[PDB]
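Asks: Structure supplied as input_26.txt; contents: compact mmCIF, N, CA and C atoms and all ligand atoms.
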# COMPACT_ATOMS: atom_id res chain seq x y z
N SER A 1 0.81 -1.22 0.00
CA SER A 1 0.00 0.00 0.00
C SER A 1 0.86 1.29 0.00
N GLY A 2 0.24 2.41 -0.36
CA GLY A 2 0.93 3.70 -0.44
C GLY A 2 0.43 4.62 -1.53
N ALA A 3 0.49 5.93 -1.29
CA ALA A 3 0.01 6.91 -2.26
C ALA A 3 0.90 8.18 -2.33
N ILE A 4 0.77 8.97 -3.42
CA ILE A 4 1.45 10.26 -3.58
C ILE A 4 0.36 11.32 -3.48
N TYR A 5 0.59 12.33 -2.68
CA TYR A 5 -0.37 13.40 -2.47
C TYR A 5 0.23 14.71 -2.93
N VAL A 6 -0.17 15.21 -4.10
CA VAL A 6 0.36 16.47 -4.64
C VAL A 6 -0.83 17.35 -4.99
N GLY A 7 -0.89 18.57 -4.43
CA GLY A 7 -2.01 19.49 -4.65
C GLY A 7 -3.34 18.82 -4.34
N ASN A 8 -4.35 18.99 -5.20
CA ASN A 8 -5.63 18.32 -4.96
C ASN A 8 -5.70 16.90 -5.62
N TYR A 9 -4.56 16.20 -5.68
CA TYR A 9 -4.49 14.85 -6.28
C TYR A 9 -3.95 13.78 -5.32
N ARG A 10 -4.36 12.54 -5.56
CA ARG A 10 -3.91 11.35 -4.84
C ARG A 10 -3.53 10.33 -5.92
N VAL A 11 -2.28 9.85 -5.96
CA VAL A 11 -1.85 8.88 -6.97
C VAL A 11 -1.64 7.53 -6.33
N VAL A 12 -2.36 6.52 -6.77
CA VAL A 12 -2.24 5.17 -6.23
C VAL A 12 -2.03 4.14 -7.35
N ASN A 13 -1.68 2.88 -6.98
CA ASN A 13 -1.65 1.77 -7.92
C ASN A 13 -3.10 1.52 -8.29
N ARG A 14 -3.38 1.41 -9.59
CA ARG A 14 -4.73 1.19 -10.05
C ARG A 14 -5.33 -0.10 -9.47
N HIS A 15 -4.51 -1.16 -9.31
CA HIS A 15 -5.01 -2.41 -8.73
C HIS A 15 -5.43 -2.28 -7.24
N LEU A 16 -4.90 -1.28 -6.49
CA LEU A 16 -5.23 -1.08 -5.07
C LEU A 16 -6.23 0.08 -4.81
N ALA A 17 -6.80 0.69 -5.85
CA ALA A 17 -7.69 1.85 -5.70
C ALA A 17 -9.00 1.54 -4.98
N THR A 18 -9.47 2.48 -4.13
CA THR A 18 -10.70 2.31 -3.35
C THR A 18 -11.98 2.80 -4.10
N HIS A 19 -13.18 2.65 -3.48
CA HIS A 19 -14.42 3.13 -4.06
C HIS A 19 -14.38 4.65 -4.18
N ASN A 20 -13.85 5.33 -3.16
CA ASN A 20 -13.70 6.78 -3.15
C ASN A 20 -12.86 7.25 -4.34
N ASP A 21 -11.73 6.58 -4.60
CA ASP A 21 -10.85 6.87 -5.73
C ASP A 21 -11.62 6.81 -7.06
N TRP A 22 -12.44 5.78 -7.26
CA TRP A 22 -13.22 5.65 -8.49
C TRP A 22 -14.40 6.64 -8.57
N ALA A 23 -14.99 6.99 -7.44
CA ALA A 23 -16.09 7.96 -7.40
C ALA A 23 -15.60 9.42 -7.54
N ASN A 24 -14.27 9.65 -7.38
CA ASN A 24 -13.60 10.94 -7.51
C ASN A 24 -12.45 10.84 -8.53
N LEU A 25 -12.60 9.95 -9.54
CA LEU A 25 -11.64 9.63 -10.59
C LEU A 25 -11.30 10.83 -11.45
N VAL A 26 -9.99 11.13 -11.60
CA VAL A 26 -9.46 12.16 -12.49
C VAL A 26 -8.90 11.45 -13.78
N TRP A 27 -8.01 10.47 -13.59
CA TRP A 27 -7.39 9.73 -14.68
C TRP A 27 -6.97 8.33 -14.20
N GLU A 28 -6.99 7.36 -15.11
CA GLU A 28 -6.56 6.01 -14.81
C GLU A 28 -6.02 5.35 -16.11
N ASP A 29 -4.96 4.53 -15.99
CA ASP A 29 -4.38 3.82 -17.12
C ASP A 29 -3.96 2.42 -16.64
N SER A 30 -4.72 1.38 -17.04
CA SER A 30 -4.43 0.00 -16.64
C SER A 30 -3.06 -0.46 -17.13
N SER A 31 -2.60 0.03 -18.30
CA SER A 31 -1.26 -0.35 -18.80
C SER A 31 -0.14 0.22 -17.93
N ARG A 32 -0.39 1.31 -17.22
CA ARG A 32 0.59 1.89 -16.31
C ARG A 32 0.42 1.47 -14.87
N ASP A 33 -0.69 0.79 -14.54
CA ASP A 33 -1.08 0.42 -13.19
C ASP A 33 -1.23 1.69 -12.33
N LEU A 34 -1.72 2.82 -12.91
CA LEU A 34 -1.91 4.08 -12.14
C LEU A 34 -3.37 4.55 -12.11
N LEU A 35 -3.74 5.19 -11.02
CA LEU A 35 -5.03 5.82 -10.88
C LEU A 35 -4.80 7.08 -10.07
N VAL A 36 -5.36 8.20 -10.53
CA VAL A 36 -5.28 9.49 -9.86
C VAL A 36 -6.71 9.92 -9.48
N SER A 37 -6.91 10.29 -8.21
CA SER A 37 -8.22 10.77 -7.76
C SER A 37 -8.10 12.16 -7.12
N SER A 38 -9.23 12.88 -7.08
CA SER A 38 -9.27 14.22 -6.51
C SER A 38 -9.43 14.16 -5.00
N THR A 39 -8.80 15.10 -4.30
CA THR A 39 -8.90 15.17 -2.84
C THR A 39 -9.40 16.55 -2.43
N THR A 40 -9.95 16.67 -1.21
CA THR A 40 -10.39 17.97 -0.71
C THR A 40 -9.18 18.68 -0.11
N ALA A 41 -8.39 17.95 0.70
CA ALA A 41 -7.22 18.50 1.34
C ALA A 41 -6.08 18.71 0.35
N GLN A 42 -5.25 19.72 0.61
CA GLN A 42 -4.10 20.04 -0.22
C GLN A 42 -2.91 19.10 0.12
N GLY A 43 -2.29 18.52 -0.90
CA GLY A 43 -1.13 17.62 -0.80
C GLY A 43 0.19 18.36 -0.96
N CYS A 44 1.27 17.82 -0.41
CA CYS A 44 2.54 18.55 -0.42
C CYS A 44 3.73 17.83 -1.07
N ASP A 45 3.51 16.64 -1.64
CA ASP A 45 4.60 15.92 -2.30
C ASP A 45 5.07 16.68 -3.55
N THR A 46 6.37 16.86 -3.65
CA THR A 46 7.01 17.49 -4.79
C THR A 46 7.33 16.36 -5.78
N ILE A 47 6.85 16.46 -7.02
CA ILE A 47 7.14 15.46 -8.04
C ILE A 47 8.42 15.89 -8.73
N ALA A 48 9.35 14.96 -8.96
CA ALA A 48 10.57 15.26 -9.70
C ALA A 48 10.22 15.44 -11.19
N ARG A 49 10.92 16.34 -11.85
CA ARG A 49 10.84 16.60 -13.29
C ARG A 49 12.29 16.46 -13.77
N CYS A 50 12.74 15.22 -14.03
CA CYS A 50 14.14 14.93 -14.34
C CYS A 50 14.29 13.59 -15.12
N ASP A 51 15.54 13.17 -15.42
CA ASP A 51 15.84 11.86 -16.01
C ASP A 51 16.83 11.09 -15.10
N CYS A 52 16.65 11.17 -13.79
CA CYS A 52 17.49 10.48 -12.81
C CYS A 52 17.39 8.99 -12.98
N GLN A 53 18.47 8.30 -12.70
CA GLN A 53 18.50 6.84 -12.71
C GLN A 53 19.05 6.28 -11.41
N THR A 54 19.00 7.07 -10.32
CA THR A 54 19.42 6.70 -8.97
C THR A 54 18.43 7.37 -8.03
N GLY A 55 18.14 6.70 -6.94
CA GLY A 55 17.19 7.18 -5.95
C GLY A 55 17.11 6.26 -4.76
N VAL A 56 16.11 6.46 -3.90
CA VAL A 56 15.87 5.68 -2.70
C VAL A 56 14.39 5.29 -2.70
N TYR A 57 14.08 4.03 -2.37
CA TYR A 57 12.67 3.61 -2.32
C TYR A 57 12.32 3.00 -0.95
N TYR A 58 11.05 3.11 -0.53
CA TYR A 58 10.65 2.53 0.73
C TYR A 58 10.11 1.10 0.52
N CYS A 59 10.68 0.14 1.29
CA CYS A 59 10.30 -1.26 1.21
C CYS A 59 9.58 -1.62 2.49
N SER A 60 8.22 -1.68 2.49
CA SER A 60 7.51 -1.98 3.73
C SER A 60 7.71 -3.40 4.24
N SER A 61 8.00 -4.36 3.34
CA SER A 61 8.27 -5.76 3.73
C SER A 61 9.59 -5.94 4.52
N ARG A 62 10.43 -4.91 4.55
CA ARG A 62 11.68 -4.87 5.29
C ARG A 62 11.72 -3.70 6.28
N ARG A 63 10.71 -2.80 6.25
CA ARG A 63 10.66 -1.58 7.07
C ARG A 63 11.98 -0.79 6.98
N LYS A 64 12.47 -0.65 5.73
CA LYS A 64 13.74 0.04 5.41
C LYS A 64 13.63 0.78 4.07
N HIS A 65 14.49 1.80 3.90
CA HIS A 65 14.66 2.54 2.65
C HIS A 65 15.91 1.96 1.95
N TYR A 66 15.90 1.90 0.62
CA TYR A 66 17.01 1.32 -0.12
C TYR A 66 17.46 2.18 -1.29
N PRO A 67 18.78 2.39 -1.42
CA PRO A 67 19.28 3.14 -2.59
C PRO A 67 19.32 2.23 -3.84
N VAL A 68 18.88 2.71 -5.01
CA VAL A 68 18.82 1.88 -6.22
C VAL A 68 19.28 2.60 -7.46
N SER A 69 19.76 1.84 -8.44
CA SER A 69 20.00 2.33 -9.79
C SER A 69 18.83 1.74 -10.51
N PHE A 70 18.16 2.52 -11.33
CA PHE A 70 16.96 2.02 -12.01
C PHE A 70 16.96 2.36 -13.50
N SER A 71 16.20 1.58 -14.29
CA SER A 71 16.19 1.76 -15.73
C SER A 71 15.31 2.95 -16.17
N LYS A 72 15.36 3.31 -17.45
CA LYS A 72 14.53 4.40 -17.98
C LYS A 72 13.11 3.86 -18.25
N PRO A 73 12.05 4.69 -18.11
CA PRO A 73 10.68 4.17 -18.31
C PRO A 73 10.44 3.49 -19.66
N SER A 74 9.96 2.25 -19.63
CA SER A 74 9.75 1.48 -20.85
C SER A 74 8.61 0.43 -20.76
N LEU A 75 8.32 -0.26 -21.90
CA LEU A 75 7.30 -1.30 -22.00
C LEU A 75 7.97 -2.59 -21.56
N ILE A 76 7.54 -3.15 -20.43
CA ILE A 76 8.12 -4.38 -19.91
C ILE A 76 7.01 -5.39 -19.68
N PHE A 77 7.18 -6.60 -20.23
CA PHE A 77 6.20 -7.67 -20.06
C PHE A 77 6.03 -8.07 -18.59
N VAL A 78 4.78 -8.13 -18.14
CA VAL A 78 4.41 -8.52 -16.80
C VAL A 78 3.49 -9.75 -16.93
N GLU A 79 3.92 -10.86 -16.31
CA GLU A 79 3.24 -12.16 -16.24
C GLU A 79 1.80 -11.96 -15.77
N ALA A 80 0.88 -12.82 -16.22
CA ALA A 80 -0.52 -12.69 -15.83
C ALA A 80 -0.73 -12.80 -14.32
N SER A 81 -1.44 -11.83 -13.75
CA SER A 81 -1.77 -11.75 -12.33
C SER A 81 -3.31 -11.82 -12.15
N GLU A 82 -3.80 -11.77 -10.89
CA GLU A 82 -5.23 -11.76 -10.63
C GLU A 82 -5.87 -10.43 -11.01
N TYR A 83 -5.09 -9.33 -10.98
CA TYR A 83 -5.58 -8.00 -11.28
C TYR A 83 -5.59 -7.73 -12.77
N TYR A 84 -4.57 -8.19 -13.50
CA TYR A 84 -4.49 -7.94 -14.93
C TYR A 84 -4.09 -9.20 -15.70
N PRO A 85 -4.52 -9.35 -16.97
CA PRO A 85 -4.04 -10.51 -17.76
C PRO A 85 -2.57 -10.31 -18.21
N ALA A 86 -1.96 -11.28 -18.93
CA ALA A 86 -0.56 -11.13 -19.37
C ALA A 86 -0.46 -9.95 -20.37
N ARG A 87 0.45 -9.00 -20.11
CA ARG A 87 0.52 -7.77 -20.91
C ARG A 87 1.89 -7.07 -20.79
N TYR A 88 2.12 -6.01 -21.58
CA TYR A 88 3.31 -5.18 -21.41
C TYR A 88 2.86 -3.95 -20.61
N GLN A 89 3.45 -3.73 -19.43
CA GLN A 89 3.15 -2.54 -18.64
C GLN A 89 4.06 -1.43 -19.19
N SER A 90 3.52 -0.24 -19.44
CA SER A 90 4.33 0.88 -19.96
C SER A 90 4.77 1.82 -18.79
N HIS A 91 5.82 2.63 -19.06
CA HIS A 91 6.40 3.60 -18.13
C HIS A 91 6.93 2.89 -16.85
N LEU A 92 7.47 1.69 -17.02
CA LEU A 92 7.98 0.89 -15.90
C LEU A 92 9.49 0.94 -15.82
N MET A 93 10.03 1.10 -14.61
CA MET A 93 11.46 1.19 -14.38
C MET A 93 11.90 0.08 -13.45
N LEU A 94 12.86 -0.76 -13.87
CA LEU A 94 13.32 -1.86 -13.04
C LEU A 94 14.61 -1.55 -12.30
N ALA A 95 14.82 -2.25 -11.17
CA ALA A 95 16.01 -2.10 -10.35
C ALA A 95 16.27 -3.38 -9.56
N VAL A 96 17.53 -3.63 -9.24
CA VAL A 96 17.91 -4.76 -8.41
C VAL A 96 17.59 -4.36 -6.96
N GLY A 97 16.69 -5.12 -6.36
CA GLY A 97 16.24 -4.82 -5.01
C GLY A 97 15.08 -5.68 -4.55
N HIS A 98 14.90 -5.75 -3.24
CA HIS A 98 13.84 -6.51 -2.65
C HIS A 98 12.42 -5.88 -2.78
N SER A 99 11.43 -6.72 -3.09
CA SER A 99 10.01 -6.37 -3.15
C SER A 99 9.13 -7.61 -2.95
N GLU A 100 7.94 -7.39 -2.39
CA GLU A 100 6.90 -8.38 -2.13
C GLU A 100 5.55 -7.72 -2.48
N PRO A 101 4.44 -8.46 -2.72
CA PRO A 101 3.20 -7.79 -3.19
C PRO A 101 2.71 -6.61 -2.33
N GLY A 102 2.78 -6.72 -1.00
CA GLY A 102 2.41 -5.63 -0.10
C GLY A 102 3.28 -4.39 -0.19
N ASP A 103 4.32 -4.46 -1.01
CA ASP A 103 5.25 -3.38 -1.23
C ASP A 103 4.83 -2.36 -2.25
N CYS A 104 3.85 -2.71 -3.12
CA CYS A 104 3.26 -1.81 -4.14
C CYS A 104 2.77 -0.55 -3.44
N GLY A 105 3.11 0.61 -3.97
CA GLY A 105 2.76 1.87 -3.31
C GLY A 105 3.95 2.52 -2.62
N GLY A 106 5.06 1.80 -2.48
CA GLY A 106 6.29 2.36 -1.92
C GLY A 106 6.82 3.47 -2.80
N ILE A 107 7.12 4.62 -2.22
CA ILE A 107 7.57 5.78 -2.96
C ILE A 107 9.06 5.64 -3.29
N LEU A 108 9.42 6.01 -4.53
CA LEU A 108 10.78 6.12 -5.05
C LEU A 108 11.05 7.63 -5.19
N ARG A 109 12.17 8.08 -4.64
CA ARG A 109 12.54 9.46 -4.65
C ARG A 109 13.98 9.62 -5.08
N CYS A 110 14.27 10.75 -5.71
CA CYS A 110 15.62 11.15 -6.04
C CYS A 110 15.80 12.53 -5.32
N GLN A 111 16.86 13.31 -5.63
CA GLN A 111 17.03 14.63 -4.99
C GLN A 111 15.98 15.65 -5.45
N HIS A 112 15.29 15.38 -6.58
CA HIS A 112 14.30 16.31 -7.17
C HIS A 112 12.88 16.08 -6.71
N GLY A 113 12.64 15.02 -5.94
CA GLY A 113 11.32 14.68 -5.45
C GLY A 113 10.87 13.28 -5.79
N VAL A 114 9.54 13.10 -5.85
CA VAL A 114 8.91 11.83 -6.12
C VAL A 114 9.08 11.41 -7.57
N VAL A 115 9.67 10.24 -7.79
CA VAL A 115 9.90 9.66 -9.12
C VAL A 115 8.70 8.75 -9.53
N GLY A 116 8.28 7.91 -8.60
CA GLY A 116 7.23 6.94 -8.87
C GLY A 116 6.94 6.05 -7.69
N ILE A 117 6.15 4.98 -7.92
CA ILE A 117 5.75 4.08 -6.87
C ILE A 117 5.99 2.63 -7.25
N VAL A 118 6.27 1.75 -6.26
CA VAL A 118 6.45 0.32 -6.50
C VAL A 118 5.18 -0.25 -7.14
N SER A 119 5.36 -1.02 -8.21
CA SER A 119 4.22 -1.58 -8.92
C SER A 119 4.45 -3.03 -9.33
N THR A 120 5.71 -3.47 -9.49
CA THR A 120 6.05 -4.86 -9.86
C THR A 120 7.30 -5.32 -9.05
N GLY A 121 7.68 -6.58 -9.18
CA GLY A 121 8.87 -7.11 -8.54
C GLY A 121 8.98 -8.62 -8.63
N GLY A 122 9.98 -9.19 -7.96
CA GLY A 122 10.21 -10.63 -7.93
C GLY A 122 11.56 -11.03 -8.51
N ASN A 123 12.17 -12.10 -8.01
CA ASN A 123 13.46 -12.62 -8.46
C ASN A 123 14.66 -11.71 -8.17
N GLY A 124 14.53 -10.86 -7.17
CA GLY A 124 15.59 -9.93 -6.82
C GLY A 124 15.49 -8.61 -7.57
N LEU A 125 14.33 -8.33 -8.21
CA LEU A 125 14.05 -7.11 -8.95
C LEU A 125 12.82 -6.38 -8.37
N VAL A 126 12.70 -5.06 -8.63
CA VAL A 126 11.60 -4.22 -8.21
C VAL A 126 11.30 -3.25 -9.37
N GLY A 127 10.02 -3.13 -9.73
CA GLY A 127 9.53 -2.25 -10.78
C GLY A 127 8.78 -1.06 -10.21
N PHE A 128 8.99 0.13 -10.79
CA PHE A 128 8.38 1.38 -10.32
C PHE A 128 7.60 2.03 -11.47
N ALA A 129 6.35 2.39 -11.22
CA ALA A 129 5.53 3.06 -12.21
C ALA A 129 5.96 4.51 -12.15
N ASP A 130 6.53 5.04 -13.24
CA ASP A 130 7.00 6.42 -13.31
C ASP A 130 5.85 7.42 -13.30
N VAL A 131 6.03 8.60 -12.65
CA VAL A 131 5.02 9.68 -12.64
C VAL A 131 5.61 11.06 -13.11
N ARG A 132 6.88 11.12 -13.52
CA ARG A 132 7.53 12.38 -13.87
C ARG A 132 7.03 13.01 -15.18
N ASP A 133 6.42 12.21 -16.07
CA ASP A 133 5.86 12.70 -17.33
C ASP A 133 4.49 13.37 -17.14
N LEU A 134 3.78 13.04 -16.03
CA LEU A 134 2.45 13.58 -15.72
C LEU A 134 2.56 15.01 -15.22
N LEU A 135 2.79 15.96 -16.16
CA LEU A 135 2.99 17.38 -15.86
C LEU A 135 1.76 18.07 -15.29
N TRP A 136 0.54 17.55 -15.57
CA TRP A 136 -0.72 18.13 -15.07
C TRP A 136 -0.91 18.00 -13.55
N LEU A 137 -0.10 17.17 -12.88
CA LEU A 137 -0.19 17.00 -11.43
C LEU A 137 0.14 18.30 -10.65
N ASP A 138 0.84 19.26 -11.29
CA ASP A 138 1.23 20.53 -10.67
C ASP A 138 0.44 21.73 -11.22
N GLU A 139 -0.71 21.50 -11.89
CA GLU A 139 -1.48 22.60 -12.46
C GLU A 139 -2.98 22.29 -12.57
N1 LIG A 201 1.81 -4.33 -12.09
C1 LIG A 201 1.08 -5.43 -12.01
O1 LIG A 201 0.50 -5.91 -12.99
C2 LIG A 201 0.99 -6.12 -10.65
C3 LIG A 201 2.36 -6.78 -10.38
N2 LIG A 201 2.47 -7.38 -9.04
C4 LIG A 201 3.65 -7.95 -8.66
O2 LIG A 201 4.67 -7.82 -9.32
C5 LIG A 201 3.63 -8.80 -7.40
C6 LIG A 201 5.00 -9.06 -6.82
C7 LIG A 201 5.48 -10.37 -6.73
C8 LIG A 201 6.70 -10.64 -6.14
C9 LIG A 201 7.48 -9.62 -5.65
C10 LIG A 201 7.04 -8.31 -5.73
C11 LIG A 201 5.81 -8.05 -6.30
CL1 LIG A 201 5.24 -6.41 -6.29
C12 LIG A 201 1.28 -7.35 -8.18
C13 LIG A 201 0.11 -6.60 -8.79
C14 LIG A 201 -0.17 -7.08 -10.24
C15 LIG A 201 0.60 -5.26 -9.40
ZN ZN A 202 15.86 13.56 -10.21
Render the structure in this file as structure tokens.
Ligand SMILES: NC(=O)[C@]12CN(C(=O)Cc3ccccc3Cl)C[C@H](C1)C2
Ligand SMILES: [Zn+2]
Replies:
Amino acid sequence: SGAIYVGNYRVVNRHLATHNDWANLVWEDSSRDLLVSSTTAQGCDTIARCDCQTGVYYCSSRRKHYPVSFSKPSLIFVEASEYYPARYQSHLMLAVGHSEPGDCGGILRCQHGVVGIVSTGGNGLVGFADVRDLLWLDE
């Protein structure tokens, strides 16, 4: 679990979104595993606007933060799950690091702010759904 709160927006993994999120839906993309909903309260997370390939992510299955080198956002095949059939997830960044299903929603940050959230993993790898291209989150 986990979310990004910037201005009047809440960014979550689309597979973990609540009824409130869908009843206050701004944007959603199943190929990205992202859902953005409107909030009443003002959010303060700064989103990074960069091409960083190093950062730190929160791993709730270890209750620790981890420094990672990660790939550039791309189309990466994701094995069929209960939430989605077998498909290529877009805007996904991989890194060598620990992850477990309850880890989805873990924030990845660089020096410029929020890069993205944990969305995939397994076999000693962790995937992050990128949010730096979503320029409308600040306007
Ligand atoms: N992005 C997806 O299609 C999902 C991918 N998901 C996993 O990769 C689950 C997972 C397995 C082992 C280690 C880590 C993780 Cl996160 C779970 C949910 C469907 C999100
Ligand atoms: Zn950066």
Asks: For each of A:51, A:45, A:79, A:103, take the minimum atom-to-atom distance to ligand ZN 202 (chain A), counting all atoms listed in the file, then give the residue where this is smallest.
Replies: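 Ranked by minimum distance to ligand ZN 202 (chain A), first place goes to A:51.
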Asks: Once you count only C-alpha atoms and all ligand atoms, which residues end up within 9 Å of ligand LIG 201 (chain A), and could you hand them over as a PyMOL selection string?
Replies: chain A and resi 13-16+30-33+78-89+92+98-104+118-129
Asks: Please write the residues from the selection above to a file, keeping N, CA and C atoms, as a CSV table (one decimal), keeping the file's coordinate frame.
Replies:
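Saved to result_14.csv:
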chain,number,residue,atom,x,y,z
A,13,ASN,N,-1.7,2.9,-7.0
A,13,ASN,CA,-1.6,1.8,-7.9
A,13,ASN,C,-3.1,1.5,-8.3
A,14,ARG,N,-3.4,1.4,-9.6
A,14,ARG,CA,-4.7,1.2,-10.0
A,14,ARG,C,-5.3,-0.1,-9.5
A,15,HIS,N,-4.5,-1.2,-9.3
A,15,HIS,CA,-5.0,-2.4,-8.7
A,15,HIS,C,-5.4,-2.3,-7.2
A,16,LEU,N,-4.9,-1.3,-6.5
A,16,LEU,CA,-5.2,-1.1,-5.1
A,16,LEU,C,-6.2,0.1,-4.8
A,30,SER,N,-4.7,1.4,-17.0
A,30,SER,CA,-4.4,0.0,-16.6
A,30,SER,C,-3.1,-0.5,-17.1
A,31,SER,N,-2.6,0.0,-18.3
A,31,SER,CA,-1.3,-0.4,-18.8
A,31,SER,C,-0.1,0.2,-17.9
A,32,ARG,N,-0.4,1.3,-17.2
A,32,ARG,CA,0.6,1.9,-16.3
A,32,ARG,C,0.4,1.5,-14.9
A,33,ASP,N,-0.7,0.8,-14.5
A,33,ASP,CA,-1.1,0.4,-13.2
A,33,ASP,C,-1.2,1.7,-12.3
A,78,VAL,N,4.8,-8.1,-18.1
A,78,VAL,CA,4.4,-8.5,-16.8
A,78,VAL,C,3.5,-9.8,-16.9
A,79,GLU,N,3.9,-10.9,-16.3
A,79,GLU,CA,3.2,-12.2,-16.2
A,79,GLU,C,1.8,-12.0,-15.8
A,80,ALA,N,0.9,-12.8,-16.2
A,80,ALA,CA,-0.5,-12.7,-15.8
A,80,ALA,C,-0.7,-12.8,-14.3
A,81,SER,N,-1.4,-11.8,-13.8
A,81,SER,CA,-1.8,-11.8,-12.3
A,81,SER,C,-3.3,-11.8,-12.2
A,82,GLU,N,-3.8,-11.8,-10.9
A,82,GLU,CA,-5.2,-11.8,-10.6
A,82,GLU,C,-5.9,-10.4,-11.0
A,83,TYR,N,-5.1,-9.3,-11.0
A,83,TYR,CA,-5.6,-8.0,-11.3
A,83,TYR,C,-5.6,-7.7,-12.8
A,84,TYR,N,-4.6,-8.2,-13.5
A,84,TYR,CA,-4.5,-7.9,-14.9
A,84,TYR,C,-4.1,-9.2,-15.7
A,85,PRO,N,-4.5,-9.4,-17.0
A,85,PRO,CA,-4.0,-10.5,-17.8
A,85,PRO,C,-2.6,-10.3,-18.2
A,86,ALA,N,-2.0,-11.3,-18.9
A,86,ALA,CA,-0.6,-11.1,-19.4
A,86,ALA,C,-0.5,-10.0,-20.4
A,87,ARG,N,0.4,-9.0,-20.1
A,87,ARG,CA,0.5,-7.8,-20.9
A,87,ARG,C,1.9,-7.1,-20.8
A,88,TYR,N,2.1,-6.0,-21.6
A,88,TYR,CA,3.3,-5.2,-21.4
A,88,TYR,C,2.9,-4.0,-20.6
A,89,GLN,N,3.4,-3.7,-19.4
A,89,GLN,CA,3.2,-2.5,-18.6
A,89,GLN,C,4.1,-1.4,-19.2
A,92,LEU,N,7.5,1.7,-17.0
A,92,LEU,CA,8.0,0.9,-15.9
A,92,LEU,C,9.5,0.9,-15.8
A,98,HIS,N,14.9,-5.8,-3.2
A,98,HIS,CA,13.8,-6.5,-2.6
A,98,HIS,C,12.4,-5.9,-2.8
A,99,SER,N,11.4,-6.7,-3.1
A,99,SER,CA,10.0,-6.4,-3.2
A,99,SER,C,9.1,-7.6,-3.0
A,100,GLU,N,7.9,-7.4,-2.4
A,100,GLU,CA,6.9,-8.4,-2.1
A,100,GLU,C,5.6,-7.7,-2.5
A,101,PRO,N,4.4,-8.5,-2.7
A,101,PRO,CA,3.2,-7.8,-3.2
A,101,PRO,C,2.7,-6.6,-2.3
A,102,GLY,N,2.8,-6.7,-1.0
A,102,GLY,CA,2.4,-5.6,-0.1
A,102,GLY,C,3.3,-4.4,-0.2
A,103,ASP,N,4.3,-4.5,-1.0
A,103,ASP,CA,5.2,-3.4,-1.2
A,103,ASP,C,4.8,-2.4,-2.2
A,104,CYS,N,3.8,-2.7,-3.1
A,104,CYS,CA,3.3,-1.8,-4.1
A,104,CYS,C,2.8,-0.6,-3.4
A,118,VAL,N,6.3,1.8,-6.3
A,118,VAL,CA,6.4,0.3,-6.5
A,118,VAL,C,5.2,-0.2,-7.1
A,119,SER,N,5.4,-1.0,-8.2
A,119,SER,CA,4.2,-1.6,-8.9
A,119,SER,C,4.4,-3.0,-9.3
A,120,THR,N,5.7,-3.5,-9.5
A,120,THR,CA,6.0,-4.9,-9.9
A,120,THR,C,7.3,-5.3,-9.0
A,121,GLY,N,7.7,-6.6,-9.2
A,121,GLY,CA,8.9,-7.1,-8.5
A,121,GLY,C,9.0,-8.6,-8.6
A,122,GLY,N,10.0,-9.2,-8.0
A,122,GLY,CA,10.2,-10.6,-7.9
A,122,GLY,C,11.6,-11.0,-8.5
A,123,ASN,N,12.2,-12.1,-8.0
A,123,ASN,CA,13.5,-12.6,-8.5
A,123,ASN,C,14.7,-11.7,-8.2
A,124,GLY,N,14.5,-10.9,-7.2
A,124,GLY,CA,15.6,-9.9,-6.8
A,124,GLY,C,15.5,-8.6,-7.6
A,125,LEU,N,14.3,-8.3,-8.2
A,125,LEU,CA,14.0,-7.1,-9.0
A,125,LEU,C,12.8,-6.4,-8.4
A,126,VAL,N,12.7,-5.1,-8.6
A,126,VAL,CA,11.6,-4.2,-8.2
A,126,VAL,C,11.3,-3.2,-9.4
A,127,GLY,N,10.0,-3.1,-9.7
A,127,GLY,CA,9.5,-2.2,-10.8
A,127,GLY,C,8.8,-1.1,-10.2
A,128,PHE,N,9.0,0.1,-10.8
A,128,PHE,CA,8.4,1.4,-10.3
A,128,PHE,C,7.6,2.0,-11.5
A,129,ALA,N,6.4,2.4,-11.2
A,129,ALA,CA,5.5,3.1,-12.2
A,129,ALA,C,6.0,4.5,-12.2
Asks: Between A:109, A:10, A:19, A:64, which one has atoms that come closest to ligand ZN 202 (chain A), using only N, CA and C atoms and all ligand atoms?
Replies: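 For ligand ZN 202 (chain A), the nearest of the candidates is A:109.
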Asks: Could you list, as a list in words, all protein and nucleic acid residues with an atom at most 7 Å from ligand ZN 202 (chain A), counting only N, CA and C atoms and all ligand atoms?
Replies: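 The residues near ligand ZN 202 (chain A) are residues 48, 49, 50, 51, 52, 53, 109, 110, 111, 112 and 113 of chain A.
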Asks: Taking the backbone alone, and naming residues the way the document does, which bits of chain A are helix (DSSP H, G or I) by DSSP, as a ChimeraX atom specification?
Replies: /A:14-16,19-23,101-103,135-138
Asks: Restricting the calculation to only N, CA and C atoms: of A:106, A:17, A:22, A:8, which residue gets closest to residue 38 of chain A?
Replies: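 So, comparing all the options, the nearest one is A:8.
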Asks: Could you write out, as a PyMOL selection string, all the residues of chain A that DSSP marks as strand (DSSP E)?
Replies: chain A and resi 4-13+25-29+34-44+54-59+64-69+74-78+87-96+107-110+113-122+125-130
Asks: Counting all atoms listed in the file, which residue out of A:75, A:105, A:133, A:12 sits closest to residue 35 of chain A?
Replies: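 With all atoms listed in the file as the atom set, the closest residue is A:12.
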Asks: A:46, A:40, A:69, A:90: which is nearest residue 9 of chain A, counting all atoms listed in the file?
Replies: A:40
